[PDB]
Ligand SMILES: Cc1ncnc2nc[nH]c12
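Read the single chain below, which is given as structure tokens and is the form deposited without this ligand.
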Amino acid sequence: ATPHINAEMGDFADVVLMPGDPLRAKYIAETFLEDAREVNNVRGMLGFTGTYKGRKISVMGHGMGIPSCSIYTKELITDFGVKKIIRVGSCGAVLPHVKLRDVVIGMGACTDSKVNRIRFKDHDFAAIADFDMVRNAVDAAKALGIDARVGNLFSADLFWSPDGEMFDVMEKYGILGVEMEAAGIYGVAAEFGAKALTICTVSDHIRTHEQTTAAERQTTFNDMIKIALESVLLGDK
């Protein structure tokens, strides 16, 4: 066990999907995994391990924000043999042409956190995903008839920002989605020598206030999970 995960080596697969919401980890395990067992419940951060098309896969919540997800991803990598993290989450859009229910793949993640400056001698660390994992996710989405956008996320420390002006800056520089984790996960992956990827579905538009039907939103969420799971199978080959 580690300070935030009451489990032993082998309880997790070498790939872990991670939503922010632990109740979504339970949702994913029940919906997509066969023979799924709960393997962590410390602090309510439910984690599960099962199989997808015979392949051992884990899913566990990471909580909200860079500090929370940095704890869980570190401990998985250093003590549970985890080689790949796929964050599966929601994000807010700032670009007009990025629509509700688009699937966004974060090849990079900008941030207003200081954690990577702390790692990188106060210089600019480009927080990036693993290229092969990005390619696997693009290819899995194509096989499913979903065309994902690949680009930069912005990982914010303040969901309730005082700086409304920063959203115009994100739009100017082409940020595809705003979430709260990717840059921290990518920093952990680089620090501890593992691989990570963040996929998000667009849940909100800071530009055009608008909302679709729940059935359509939930379909797209499941499409993101299918993309993540099928991308693992591609990487295995």
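Residue numbers here begin at 1 and follow the sequence given.
There is another form of the same protein, the form deposited with this ligand bound; it is not shown, and what comes next is about it.
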*Which one, 46 to 54, 32 to 40, 186 to 194, 203 to 211, holds residues whose non-hydrogen atoms are within 4.5 Å of this ligand in the entry with it bound?*
203 to 211
*asked:* in the entry with it bound, is there a heavy atom of this ligand that lies within 4.5 Å of any heavy atom of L176, even though the partner is absent here?
replied: no
*Report yes if any heavy atom of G108 sits within 4.5 Å of a heavy atom of this ligand in the entry with it bound; otherwise report no.*
no
*Would you check, heavy atoms only and a 4.5 Å threshold, whether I86 touches this ligand in the entry with it bound?*
no
*Flag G151 as yes or no: does it have a non-hydrogen atom within 4.5 angstroms of any non-hydrogen atom of this ligand in the entry with it bound?*
no
*Scan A137, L76, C91, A129 and let me know which has any heavy atom within 4.5 Å of this ligand in the entry with it bound.*
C91
